[PDB]
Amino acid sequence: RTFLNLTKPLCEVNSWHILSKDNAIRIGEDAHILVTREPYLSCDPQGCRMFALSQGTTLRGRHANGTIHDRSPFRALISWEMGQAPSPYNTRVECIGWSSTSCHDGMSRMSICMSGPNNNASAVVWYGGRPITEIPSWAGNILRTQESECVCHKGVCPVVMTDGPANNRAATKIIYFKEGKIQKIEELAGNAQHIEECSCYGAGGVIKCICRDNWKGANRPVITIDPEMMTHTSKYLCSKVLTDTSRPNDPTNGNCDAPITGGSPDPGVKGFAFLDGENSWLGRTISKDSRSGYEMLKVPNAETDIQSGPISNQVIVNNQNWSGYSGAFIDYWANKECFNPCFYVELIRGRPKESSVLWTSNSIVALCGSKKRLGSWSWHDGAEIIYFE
């Protein structure tokens, strides 16, 4: 074992192949499947695992009642073998909390959870399954982080965190970790005006994080991080193809340097994009209003050209089905000459959209890049809400 470095280029991607699906809600109708939300995947030299925020109750359990609620002393980050559903019998507790990130540096995994009350939350940073570092809230307002994997280079792993209003200017820091210990802290710099829930991946010695501006913008902020100089810049996706949820119709021109406003009724959702000049893909919900459907759109020069639009699409979840959060990960230990993009989509069931049940949970689907021109179908959740009534 060695520290991962990020000096390979991104792979060429012409379509997306099915990597994994857990069918958690279908299985959780009967077997003992934990209630969750904010899932993702993360890899290490050995393979890949699913991660999510448990609600500290099973789906059929009476305590599922009220699981719409975001933050409780009963939530923890759990991980498990990619593909299986999360039960109390197959899940590792990574840390305790209601907001998380995790990543493997080539040697060991670092996992980070926030917990506590809204005015007094704290992060505990674990490395090798051991607690290393604690960080108190600096702004006293729901200290929080990515909800998807971080990225490490040469032992250095940056993590974007935010503390402050959901609906106004907040205080975002980039913290640089090595073996769970803080190497540097940096205030957000650049033109991104609001930063939440960054989806991050590395390629070519650089880490790109594509985020949620929950304040004003229906276009997504992008933070470029040098993990060697331990510095960063920020701005917005240039493309007119707007990828936040609640968004207006796509304008004729996007805006590299300011939030483009509009959309009703939701201020944001976690999302992602891979930005590689011509080899660029943007994900989004199919609905402009709601967390339903999911589509991948190849938009050459999305990161630099305000006029860029799709040259190809793939429907991942059709617009008759609920989606939710979406984020980036890559298996950096694959036996290839390039880093192949992968993404997951969180498939939210129950409240608020389906309120014939008392709970909110989700399942997971995950896909990676193919150089081939693969056919596709919808990878929706597939559970019958009527079975839970």
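Start at 1 with the first residue shown and count on from there.
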Checklist outcome for this item: Stretch with higher mean Cα temperature factor, 240 to 248 vs 74 to 82, is 240 to 248
Item to check | Per the entry, higher mean C-alpha B factor between 202 to 210 and 90 to 98 | outcome: 202 to 210
Checklist entry - Can you tell me which of 157, 188, 225, 316 has the highest Cα temperature factor in the record? => result 188
Checklist entry - At the C-alpha atoms, which of 42, 320, 67, 54 reaches the highest B-factor in this entry? => result 320
Checklist outcome for this item: Split the chain's modelled residues into thirds by Cα B-factor; residue 341 lands in the lowest
Checklist entry - Among the modelled residues of its chain, does the C-alpha B-factor of residue 197 lie in the lowest, middle or highest third? => result middle
Checklist entry - In terms of the chain's CA B-factor thirds, is residue 360 lowest, middle or highest? => result middle
Checklist outcome for this item: So, residue 145's CA B-factor, relative to its chain, sits in which third? The lowest
Next on the checklist: Which third, lowest, middle or highest, does the C-alpha temperature factor of residue 367 belong to within its own chain?
Outcome noted: lowest
